[PDB]
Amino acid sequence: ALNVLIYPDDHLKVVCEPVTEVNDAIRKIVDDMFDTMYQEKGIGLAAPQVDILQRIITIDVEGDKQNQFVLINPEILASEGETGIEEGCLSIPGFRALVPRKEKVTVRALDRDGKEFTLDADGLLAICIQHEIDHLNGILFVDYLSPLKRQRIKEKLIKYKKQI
């Protein structure tokens, strides 16, 4: 466990600093993220969701330490296609939204040992990558809703946070 920030929260809206150096401290943040992610049954997690304002993403679609991706200072280089599934967020518990995404994405990033890599993804991986990168730029799925819908979500989550 680290603490998962719930919307609304300023650090869920912040564009994160790139990692300067992928070292031991960073790799502990990565392992701690994986833990929290699995504990919460997430298929991805972005650093700011646990109050760390750095560009670090952990992903595991199938959720069994199989295809574990670490994406540090990631950038989408190319994309194509159109898709959109109903997305939920650990930082926005209890809500879903159809989010228009690119079907296919090609991404560059540093792995947990600091080595650059480039990855082509589609389907769920591609969507999860995009959901996670929005996080790094302080964008949530609610940001694709109407200001009115988003507001109503917000009010409800405020309640849930005093309640918890």
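Start at 1 with the first residue shown and count on from there.
In this entry, the higher average B-factor at the C-alpha atoms falls on 56-64, of the pair 125-133 and 56-64. Mean C-alpha B-factor is higher over 150-158 than over the other stretch, the pair under comparison being 150-158 and 12-20. When the modelled residues of the chain are ordered by C-alpha B-factor, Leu110 sits in the middle third. Placement of the Cα temperature factor of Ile164 within the chain: highest third of the modelled residues, per the deposited record. When all modelled residues of the chain are sorted by CA temperature factor, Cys89 is found within the lowest third. Ranked by C-alpha B-factor against the other modelled residues of its chain, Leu2 falls in the highest third. The entry lists a Cα temperature factor for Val30 that places it in the middle third of the chain's modelled residues.
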